[PDB]
Structures are given as C-alpha cells and as structure tokens.
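A short worksheet on the structure shown next.
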Amino acid sequence: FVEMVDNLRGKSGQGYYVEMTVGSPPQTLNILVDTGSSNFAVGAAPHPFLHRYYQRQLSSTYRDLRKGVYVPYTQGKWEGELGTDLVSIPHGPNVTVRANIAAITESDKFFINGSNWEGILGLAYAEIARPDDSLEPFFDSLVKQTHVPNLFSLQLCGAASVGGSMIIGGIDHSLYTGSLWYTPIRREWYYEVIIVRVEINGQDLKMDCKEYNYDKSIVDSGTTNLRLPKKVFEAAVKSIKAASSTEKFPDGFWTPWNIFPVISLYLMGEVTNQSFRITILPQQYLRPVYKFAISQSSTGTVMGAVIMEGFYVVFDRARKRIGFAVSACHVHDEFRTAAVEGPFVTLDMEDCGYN
Ligand SMILES: CCc1ccc2c(c1)[C@@H](NC[C@@H](O)[C@@H]1Cc3cccc(c3)CCCCn3cc(ccc3=O)C(=O)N1)CC1(CCC1)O2
C-alpha cells in the first residue's frame, strides 16, 4: 500500500486531510478525514477562508438530488445541497465511485480561517448521516461499487504541520510494531467502543466503569483532544494533579517528560472476560500550541487525536471491530513508549456500556 503512505496532511489542531477529486473533469480538493461523522460535504461557494471549492457547473457527471441537508458538529455547522458525482482519491485505491456529496452553500464556525481544507469526509455509519440513514456514506458507496475491502486504517503522526497515512482497503504492517489488539464496535453509528478500566500511572481510577462510557465512548479522528465525561474528567484530573505534584499549575489550565504520568485505557477485548490496554505518554497529551489536551464532555468519551497519535488504528468494518497497535511514528523518548498490551482478565465488561 506504498502509494497511500503519507497521504495525510494538516496543521496542528485544524484536522487531518486527504486529497480527493470530485467531478468530470476532476476537481482537486483537500478533505478532512473524520471518523466521527458520516457525510461527505464540500465547500461549493466562494467563502473567503477557502482556497478552492466544488463548482458543480463544470462537472458533466454531476446529478442534483433536489434536496437540502444540514449537519451540525460539536462547534460548527453547514447546510447545503445534496447531489451525486464521481469521486476518487489520488493517493488511495485506483478507483472512481459515484458518491453522495453535500455541496455546502452556507456555514457557521465550520471552515477554519488559515486552514488548507475545503470539505469533510465522514467515515462513520449511515445511522448518523444527515438528513437520515438513507443517505449512503462515501465508504459504503466505495465498498459497494468496487472490490475495495471493507476496512481502512489510520496512522496519525502529529508534528505546526502534521502528517499521517490513511490506508484504504487494508493494513500496512510497516506502520506499527507488536500486535494489533481488537475491541468490538458496540454499534455501527459512530465508531462506538467500551472502556472497561482507566489507570493513571498504573493506578486504577476505581470508578464504576459505566461512567467511562456515559453516554458514549467513540473513536474520532475529527476531534483533537481526549475528551472525558465530567465525572470521569473530574476524577481523571484529580489523580493527574496528584501524580504531578512536583510543580503547581492554575485551575483554569486544567522538557521534563518523566514527571508526567502515562494514561491507560482498558478496552473490551474480543473474548468473554478478556480486555487489553492502550497506554499513551505525555508527548501525546502535551501538544505544542504546550497545552493540556484532555477536556470535559457532556457527550461521552471521545478518543480523538490525543489517543490516535499513539497508535495505528484499524477500522475493521467487515468484522465490526477496531484494532490498535503501537504506531511506528509515535513520539517517544529513551525511557517510555506508547503501549498496547494484553490479555487481561476483566469481569462484567458488558455492564460498562450505557443503555
Ligand atoms: C454527525 C455530526 C456530529 C455531531 C455531533 C458530534 C459528532 C459528529 C462527533 N464528531 C465530531 C466531528 O465529526 C467534527 C468534524 C470536524 C468539523 C469541523 C472541523 C474539523 C472537524 C477539524 C478541526 C478539528 C477540531 N475539533 C473539531 C471538532 C471537535 C473538537 C475539535 O477540537 C468537531 O466537531 N469535529 C463528536 C460528538 C459525538 C460525541 C461528541 O459530537
């Protein structure tokens, strides 16, 4: 999959994007890779922040669906006009597919002033597509229309320019060390997973595990931070504060690598009563602006770039599971390294999920 290695770019905190083409003749656009949503949407009008935009008038293969659409994310939102067109990924598989495309015609706090992307590729499932689950997401269209296998993987590498790889249809073994460990996708909407235990410096947070997944835990390449439910964030911060008593930092805030604690999330494994743990280092959760990149949520745990930059993450849709392995590009020192380890014995893991 050599041609797909290093096909991701971005600036820190502004997301990771891949080059795509849309229309005939092909119009090149940079498109955010977002496992936390399910719509393919591109700027279609001359917003002043945009380097370029989709011009439907130039495409002979454009088809109008004569239907509006609107997607609000955590912070921004857009509305637009649904249609279909031919799409490919220059540094992806050698194929062209007819996909649904939302042409964005109005937006608020969505495009970023100074960013180098013009659209978003929602890689999650139909259940959360707008306006409804009948709007087939891109990856579903790709798998339907080609022989591309039903999985993709992400190696997000970080550094204020960032880089990475999206391997569509497979796994590049040179991008990770050790073994992949798989956690089940609990339900196909977001990439929802179940966290069964949390350790700060190998010390259990000792919370009811249901709190870790209240109301969701998801894997989201579109989110920068590791986001934790407040009751879990509260307990997480408390322990991180204690762990790091050598120095004091102000309340609002919430290089000496060895002073900061590693954080371990234990994830439901593939077998009854079996889990595994992923562990990140301070170099993952201390990101240059350093800013502390763990935050509160009312919408559950979001394993964003802070988690994903430690690991090669395989979205094995075919088998309804997500794989984690230590990333071959992750930043580490002579002392410590990000880790994926197992098996562990964990009882009542099905009770950790919220209903
Ligand atoms: C289906 C639409 C939708 C609606 C709500 C929503 C989500 C998705 C979940 N995923 C959010 C993710 O899709 C978006 C994508 C995005 C949108 C605009 C810009 C960018 C990314 C790039 C910049 C990344 C910075 N950043 C983006 C988001 C959140 C935090 C954050 O730091 C964001 O909304 N990401 C994340 C959650 C579900 C749990 C919280 O909320």
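By the numbers in Swiss-Prot, the shown part of chain A spans 60-218, 229-323, 336-370, 381-446.
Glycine too: its Cβ is placed from the backbone N, Cα and C atoms.
These come from Swiss-Prot:
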ACT_SITE  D93  active site
ACT_SITE  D289  active site
DISULFID  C216-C420  disulfide bond
DISULFID  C278-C443  disulfide bond
CARBOHYD  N153  N-linked glycosylation site
CARBOHYD  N172  N-linked glycosylation site
CARBOHYD  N354  N-linked glycosylation site
MOD_RES   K126  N6-acetyllysine
MOD_RES   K275  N6-acetyllysine
MOD_RES   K279  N6-acetyllysine
MOD_RES   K285  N6-acetyllysine
MOD_RES   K299  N6-acetyllysine
MOD_RES   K300  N6-acetyllysine
MOD_RES   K307  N6-acetyllysine
Quick one: Cα separation, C420 (disulfide bond) versus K299 (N6-acetyllysine), in Å?
31
Under a threshold of 6 Å between Cβ and any atom of ligand 1, which of the recorded positions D93, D289, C420, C443 are retained?
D93, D289
Applying a 10 Å Cβ distance cut-off over all chains shown, what neighbour count does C443 (disulfide bond) have?
24
Can you grab the distance from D289 (active site) over to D93 (active site)? Cα atoms, rounded to a whole Å.
7
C443 (disulfide bond) versus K279 (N6-acetyllysine) - Cα distance in angstrom:
4
Three-state secondary structure of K279 (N6-acetyllysine) from DSSP?
helix
Note the 12 unmodelled residues between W323 and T336, then tell me the distance between their CA atoms, whole Å.
19
Between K299 (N6-acetyllysine) and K307 (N6-acetyllysine), how many Å separate their Cα atoms?
12
When distances run from the Cα of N172 (N-linked glycosylation site) to each of the recorded positions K275, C278, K285, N354, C443, the nearest one:
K285
Take the Cβ of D93 (active site) and count every other Cβ within 10 Å, whichever protein chain it belongs to.
22
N172 (N-linked glycosylation site), number of other Cβ atoms within 10 Å:
7
Taking each of the disulfide-bonded residues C216, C278, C420 in turn and counting other Cβ atoms within 10 Å of its Cβ, which one has the fewest?
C420
